[PDB]
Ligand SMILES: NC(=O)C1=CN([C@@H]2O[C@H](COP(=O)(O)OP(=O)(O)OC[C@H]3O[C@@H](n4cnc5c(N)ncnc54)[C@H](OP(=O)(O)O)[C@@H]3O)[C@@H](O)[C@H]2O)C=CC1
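Take a look at this single chain, the form deposited without the named molecule, given in structure tokens.
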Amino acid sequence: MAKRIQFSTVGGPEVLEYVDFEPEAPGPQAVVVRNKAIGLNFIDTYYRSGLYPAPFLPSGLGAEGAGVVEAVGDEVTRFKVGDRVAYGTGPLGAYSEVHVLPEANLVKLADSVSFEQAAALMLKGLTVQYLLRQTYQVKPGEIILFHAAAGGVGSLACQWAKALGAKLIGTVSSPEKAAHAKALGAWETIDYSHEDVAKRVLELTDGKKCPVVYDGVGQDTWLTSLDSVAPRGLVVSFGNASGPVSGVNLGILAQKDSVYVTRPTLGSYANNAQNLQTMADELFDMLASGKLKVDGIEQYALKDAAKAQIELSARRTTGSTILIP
């Protein structure tokens, strides 16, 4: 037996339960991990709420975490007992002290990186990586728009953009978030509380707007993104913080001067146990070189995942957050 967070019905935070469960025996190509730190993500709430379906109930939660390998499948050769590993993709279940997942979702952790850093770096990091390096190759000098720049993903985005030599315009909901995003590396900041993001973008870009707009908030900010992207530019809708975006008429893209739109998922980019090693290596390379910093990690006990999840959703807190089994 071991403890885990799970839900028997989809809904709000009150849904989550901390209980004992019987950990599965490792499949031939699976690995048993000893969660030392567990990630907290919006994706966790989307499963908890039912936006995304769970194969069955009761269901575990989360796919980001880091720990030590405790058991390995007969066919696993890349890993061995005692190895320090991290993951940001795979089946549900990170919200527990023991997590069993395919070996293809696991990467080795250098000694220099702690479990806490990995749990607060894996998923958002790989995400920012595919967003700025794959979905659209941001070049130095380019002025790009990134919503919720002070959030979990946006904060990392602020740093990576600066390293890229790009000018990132980050939207925030308060002057405190503005200072946070700027200190990290945001070129310019826009508080959507008292100024129009679309109009500020226009003056900041000298009427040329942005080649690409990264938007993880979803609905509330879909229109703004369309008004901030340059003709034939790209709008990347990668999240649903304010709710998914729908009811869209393709003719809207023509109206906005022939723009492009995409809705990517980390799973698609890190599609294999190998297209991941690649982005994972780049992500840690950024960390090692000091280009990415994770300083100040708020820690919630696993048994308090509901409380942590409530704060994430509220979107009033800033800085890295992780769960600790």
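Numbering starts at 1 and follows the sequence shown.
We do not show the form solved in complex with the named molecule, though everything after this point is about it.
- Among heavy atoms of residue 47, none comes within 4.5 Å of the named molecule in the entry with it bound.
- Under a 4.5 angstroms non-hydrogen atom cutoff, the named molecule in the entry with it bound lacks residue 107 among its neighbouring residues.
- The named molecule is not drawn, but in the entry with it bound it has no heavy atom within 4.5 Å of residue 58.
- Taking non-hydrogen atoms only, residue 41 approaches the named molecule to within 4.5 angstroms in the entry with it bound.
- Against the named molecule in the entry with it bound, the set 137, 209 and 233 makes no contact: no member has a heavy atom within 4.5 Å.
- Stretch 263-271 is the contacting one of 29-37, 294-302, 263-271, 276-284, since its residues have non-hydrogen atoms within 4.5 Å of the named molecule in the entry with it bound.
- When you look in the entry with it bound, the only residue of 94, 123, 145, 157 with a non-hydrogen atom within 4.5 Å of the named molecule is 123.
- For the residues 238, 79, 187, 115, the 4.5 Å heavy atom test against the named molecule in the entry with it bound is passed only by 238.
- Of all the residues from 284-304, none has a non-hydrogen atom no more than 4.5 Å from the named molecule in the entry with it bound.
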